[PDB]
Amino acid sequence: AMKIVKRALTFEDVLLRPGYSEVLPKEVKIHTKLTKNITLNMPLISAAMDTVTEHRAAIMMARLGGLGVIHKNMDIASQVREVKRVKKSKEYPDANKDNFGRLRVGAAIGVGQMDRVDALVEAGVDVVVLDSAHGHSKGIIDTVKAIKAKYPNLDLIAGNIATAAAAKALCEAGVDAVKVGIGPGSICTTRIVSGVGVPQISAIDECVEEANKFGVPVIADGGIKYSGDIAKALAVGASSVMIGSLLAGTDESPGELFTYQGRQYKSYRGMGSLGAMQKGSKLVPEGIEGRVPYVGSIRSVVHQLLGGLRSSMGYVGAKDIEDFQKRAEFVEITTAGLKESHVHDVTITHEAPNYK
């Protein structure tokens, strides 16, 4: 018999149970930790993708208390210059700044790009995000040890992983956070192309339990479709959430608006798609090239997302995230329960800002 280790759940499989509450949504606190040494004022990170995060999107994310990660599908000098435009940047009272009062910013790197790390460190990057399709690999782990050995005070994120053993390996190599998510991304085809993946709720749960033994936060990356998934990811034990598709159709993301059959869209594509890899430099992709509807400014998207998190926390009775994770209790639901949860049997006539 084959080895089936567990039955794994994703976001749509579970719901949070309400608990006795003495707090209102507008009163809760949504600050969290990005790494062992960097805090966020709100728990959202924009994804490190060339249709999501350059300097315009990163500045707004940090102004709102979160973070943006500049994607690595550009030359070193262009990434340095994008980082510096963020660092050089009453209406944004929750801005996430460093000790010098400059906005905080992240930047993506790959294996074997130490010149890129050197230049981004010199540019004053706050955190380096070492990402890969398979974070639980010798190359990633050796690259972690190398960066940490040369820049001990540089906060370093590594991913992506989906198992507890992977979280142990990365924590023991010296990361300041692990990023969890193999397969959940809206534009990801890894589970279809290679057959590999772990549903995100189970992957978060498995990795948070291990990483907590090292005091290392977990970033939940991929598969967020609604503000409710942010709440579920945080309640299971993640410290922050990375989001791609829900921010790709905003004013601040790179790329221009275009019109298709009467509506406005922006491009949104995986970094492992043919289009992203060919602009960078027969390939076997693990992402698709797509479009998402234009949804206005990042500020209004972020406002609805955190408004859903605040409501969730209010339902559970939690004053802050750590209390949210302590109090959280779940129910596993069925396909019919999912249909009951969504809008059903009623035609929608007006566009809802947090539900599409």
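All residue numbers refer to positions in the sequence shown, first residue = 1.
Visitor: Can you check if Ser281 is missing its coordinates in at least one third of the other PDB entries compared, counting only those that model the residues either side of it?
Guide: Result for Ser281: often missing, at least a third of the compared entries.
Visitor: According to the PDB entry, how many deposited residues between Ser132 and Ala133 are absent from the model (none, 1 to 3, 4 to 9, 10 or more)?
Guide: Unresolved stretch here: none.
Visitor: With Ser281 and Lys282 adjacent in the shown sequence, let me know how many deposited residues between them lack coordinates: none, 1 to 3, 4 to 9, or 10 or more.
Guide: According to the record, 10 or more deposited residues lack coordinates from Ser281 to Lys282.
Visitor: Output the stretch having the higher mean C-alpha B factor in the entry; the candidates are 321-329 and 45-53.
Guide: Going by the record's values, the stretch with the higher mean is 321-329.
Visitor: Return whichever of 347-355 and 3-11 has the greater mean Cα B factor according to the PDB record.
Guide: The stretch with the larger mean CA B-factor is 347-355.
Visitor: Between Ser89, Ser245, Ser239, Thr190, which one tops the list for C-alpha B-factor in the PDB entry?
Guide: Among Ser89, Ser245, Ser239, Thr190, the PDB entry lists the largest C-alpha B-factor for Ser89.
Visitor: Out of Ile141, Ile161, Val105, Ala95, which residue has the highest Cα temperature factor in the PDB record?
Guide: When the deposited C-alpha B-factors of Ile141, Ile161, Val105, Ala95 are compared, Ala95 is largest.
Visitor: Can you tell me whether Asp205 has a C-alpha B-factor in the lowest, middle or highest third compared with the other modelled residues of the same chain?
Guide: Its C-alpha B-factor belongs to the lowest third of this chain's values.
Visitor: Would the CA B-factor of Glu172 place it in the lowest, middle or highest third of its chain?
Guide: For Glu172, the deposited C-alpha B-factor lands in the middle third.
Visitor: Sort the modelled residues of this chain by their C-alpha B factor and say whether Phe100 lands in the lowest, middle or highest third.
Guide: Highest third - that is where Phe100 ends up once the chain's C-alpha B-factors are sorted.
Visitor: Split into thirds by Cα B-factor across the chain's modelled residues, where does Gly249 land: lowest, middle or highest?
Guide: Tercile = middle for this residue's CA B-factor.
Visitor: Quick check on the deposited entry: does the C-alpha B-factor of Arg269 sit in the lowest, middle or highest third of its chain?
Guide: Ranked within chain, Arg269 CA B lands in the lowest tercile.
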